[PDB]
Structure formats: structure tokens, C-alpha cells
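A single chain comes next, written as C-alpha cells; it is the form deposited in one PDB entry.
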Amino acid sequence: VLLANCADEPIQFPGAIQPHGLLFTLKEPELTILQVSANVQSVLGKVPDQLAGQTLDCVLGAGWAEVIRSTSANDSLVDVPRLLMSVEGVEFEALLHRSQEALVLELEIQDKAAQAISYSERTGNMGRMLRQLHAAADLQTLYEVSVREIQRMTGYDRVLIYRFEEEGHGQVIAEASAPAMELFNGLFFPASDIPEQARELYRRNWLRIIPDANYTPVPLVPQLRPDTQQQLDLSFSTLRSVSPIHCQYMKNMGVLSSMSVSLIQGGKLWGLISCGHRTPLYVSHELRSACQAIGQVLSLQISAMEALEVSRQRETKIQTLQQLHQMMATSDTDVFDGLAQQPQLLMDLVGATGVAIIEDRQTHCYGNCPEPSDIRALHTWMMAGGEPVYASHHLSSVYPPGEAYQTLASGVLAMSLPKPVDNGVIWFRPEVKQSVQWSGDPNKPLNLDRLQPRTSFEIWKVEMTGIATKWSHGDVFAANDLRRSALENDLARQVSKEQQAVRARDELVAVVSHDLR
């Protein structure tokens, strides 16, 4: 309840924009201003209250307004080129999109430092960087070169690859930090850092930048758009004010600038390319788009190399799978009995230290095996789910009665044939004591007060018990292939046995005729 309040704020409708830019939501045909950020009282010296129901020619000039009108006319606003303007002597980069039948235009203010930065030198290493990405033979080298290039172009002190887990919390796997700067490599972070609302927003918007954490938000006047009397939806607006709790969180970490690129794999937020600077500094949108493209290439290569690793595991298990299939096919006994004829091969097929083969009230145990009654209770629990195969690296997390034998069997890989007879094969992996590193208190994710982010950011050890070694993709693949081979061989055996009985029946028909003479 109170924890769930972390995921209830309407971040999509903040009503304010960051001071590093200007916002203009306008009517499409005549480019009449619907709302304008209050920052125009300082920038360009225009009163935002009178700038209602007025064309862009009043403030932005005739030529630039005509250029914007030409660009936005009969265009999907997905391939708009660069737009740099000098408006009363201050330069803006213009980005255009549409929220609800209205044209939202953001002018990112380019400072002198941004002007000094050029797109040529920082993207000079583009082709070689992609060559390095394709030439990397390890995931760690991939991460290293990616964060190295991203730090090279951005210039930020710390760059992190923060991969999300299923439950919401994430882990940092790549780190590139400046000297005399705190390291977060390998640290886990609570799921409360990025709420569900933030993940949902970032699944669509793949680029966020916060140049400063001490900024005072500049409200949008009029607050309600005079078209539907609602709040402007700044979901895809780079000029969106962030929640003050996040600003306090960044201040507590000690960083004053952030820049994150969403990594998307199959429409899901796989991770974030987080960045951190000890001092405020702004990054131009062109460099942000280049970093976004680097992130998309990174996601593509991650998927490619994950498939490559899965295929490598399949290849290294093909020989053992073939040997086991040949042993099962030419056993003339029950399928699981012939499988159990060679226990060591079955063990090394999955790399587990315990094997339990169940066949209709007989259980055979090899290696480190629990009490047979406990395994029977577990198996009768496992068939309730109905899944053909099951892999669990933490049985006690999902199976409450698994705490008694967590020292012997903390990882369970089970596969069963689709027949009424209770049969199956279970592989048990023992618990490994792992001291998971967390950034702060795992049992106190949030300082409950308005919510306040935790000040402490030190590394905490958590000796997580009852968790065994992760089952690899090749492991479950081998389990499924063994299940498929058992399915095929068992079907062959039953059809042949019926045929032999049928042939014996035909032989018996010959015998009955012989028994009649």
C-alpha cells in the first residue's frame, strides 16, 4: 500500500518543463499557440499569458515559422532533419511531435559549450566502433567497448549498463567511472528506484536527459490546453520535468547530471544505459540520438550473441544427447530404466549433482539425493502445474516445504512424459552460498517519511541462502531434447509392443487353428 505509493504519481503529466529549453504546444493548421512554457519571460522576453491563440510569427519570426510549417505539413514527423535557429541571438534545436491532434515543439537551448562540441570528431570513431562491436567475441568486451565509446562522445564520468530482472530490480553489469569516483559494478538496486510508471514511460520514450538536479521547474501556462481542458501529455517530450524525488535521489547519489537510453528487446525494457556527472552539463540532442542508435545496435548485438551462446550450448550438448538417445533406443527395457542404466552420463548432461528417476512407485536416486518421500511430495506438486519441463534455481522461494532439504537440493530441473503413469526425471543442484551486493539496505528500499530517497549508498552483503546455480539455456534445451527423445522412443516402444502382441495374436490365431487340428 504505502510502498505502492511509489508507483502512483502521474509522471506523464508534470505540468512543467526543465529550464534548459522551451516548449510550444500549438494548433496544427495555422500554428496558433495553445500553450507555452513560462520560460519565455526570461528567454526572448515575451509574456506567456498574452501568447495564447497567436501564430508563431509573433515570437519565432516569419521565416522560421514558415520553415516549421513546411516541415510539419503532410509529414509523419519521424524523419525530421536538424533544425537550428538563432532567435533573438540565442540558439535552439527544434524537435517536433504530436500528442493529441496538436503540434508539440521543443527548442533545446544550445550553450557555448554545446556550440564548441562538434558532431564530426565525437562521431569520427563511428565505423571502427561498430567494427569493434561486431569483432567482440565476449559479452564483457561488448559492454566495455560500448560504454567506452559512449563515455568518449558524452564525456560523462560514470556509465552503467543496468539490466532489469523479472521482479523489477536490476543489476549493473558494465561500469566506466572517472578517477576518485564511487564504483557500482556488480551492485544490485531495489525495484523502488525505477517504479512501474517510469518503466512504462521509458518503454516508449528511449531517451532521457537531466542536465541539472538543482533546477526549479518552470510551469506551463495556461496549465490546461484550450482544446480538451486537460493536461498536456509530455510522454515523448525531451523537455519534461522529472519527479522531485528522483532529483533528490540523484543528489543523494552525488551526481548532478543524468542521461539514459532505453534498451529494447522484443518490445520490453531490457535495460538502461545510465550516465552520471559530478557537475551539471548539457548534451546536445544530436549526440543523444547518436547514443540512442548505439543503444539499438547494442540491443541487436546482445540478442544475436545470446542466440549464439544458446546455439553453442546446444552444440556442446548434442554429442551427449545423441549418446543418450542411442542408449535409450537399444535398451529393450523401460525408457527411464535404460536412461538410468548409465547415471553419470545423465548427470553430466545437465551438470547436476543429483539424479532422481521416478517410475510408478519406484524411485532411483544417484548422487546427492534428498529423502525419497520429500522428492515424491515435490514431484506430485510439480505435475500440478502441467508444464512439460520446469527449471527452478530457488525451490524454497516457490515451494515452502523445500526449506528442509535446501542444503541438498536447492535447484530442480524436472521433465515428465505425458502419460497417466507417474514418471519423470529430476535433476538436483545443491545450494551455493552467494553474498549478493546491494546498493543500500535491501530490507529498507525507501526512507518512509512525502517519500524521501535513501541517503546511504554503501555496498551491503546479503548471504542469500537456498539458491542454487542458474540453469543455463543449454540446460533447459538438453532437458527438452531428452524429453522429446523419450517421447519418440516411448511411442515407438508402445506401438512395437502392441505390434508384437498383435503379431503374437496372429501367431496365436495360427496356434488356435493348430490347437483345433
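Counting begins at 1, following the sequence as shown. Between two forms, the rigid core is defined as the largest C-alpha subset superposing within 1.5 Å.
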Quiz item: Would residue 438 be found without coordinates in at least a third of the other compared entries?
Solution: no
Exercise. Please establish whether a third or more of the other compared PDB entries omit coordinates for residue 118.
Key: yes
Self-check item: Unmodelled deposited residues between residue 463 and residue 464, binned
Solution: none
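Below, we turn to the form deposited in another entry, even though it does not appear here.
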Exercise. Please name the single residue among 175, 233, 309, 91 whose Cα shifts by at least 2 Å between the shown form and the other one after core superposition.
Key: 309
Quiz item: Does residue 57 show a Cα shift reaching 2 Å between the shown form and the other one after rigid-core superposition?
Solution: no
Practice problem: Establish whether a shift of 2 Å or more occurs at the C-alpha of residue 247 between the shown form and the other one, with the two forms superposed on the rigid core. | Solution: no
Self-check item: Residue shift check between the shown form and the other one, rigid core fit, residue 36 Cα at least 2 Å
Solution: no
Quiz item: Which is it in the other form for the CA atoms of residue 459 and residue 157, closer or farther than here, knowing they shift by 3 Å or more?
Solution: farther
Quiz item: Knowing the Cα distance between residue 459 and residue 246 changes 3 Å or more in the other form, does it shrink or grow relative to here?
Solution: closer
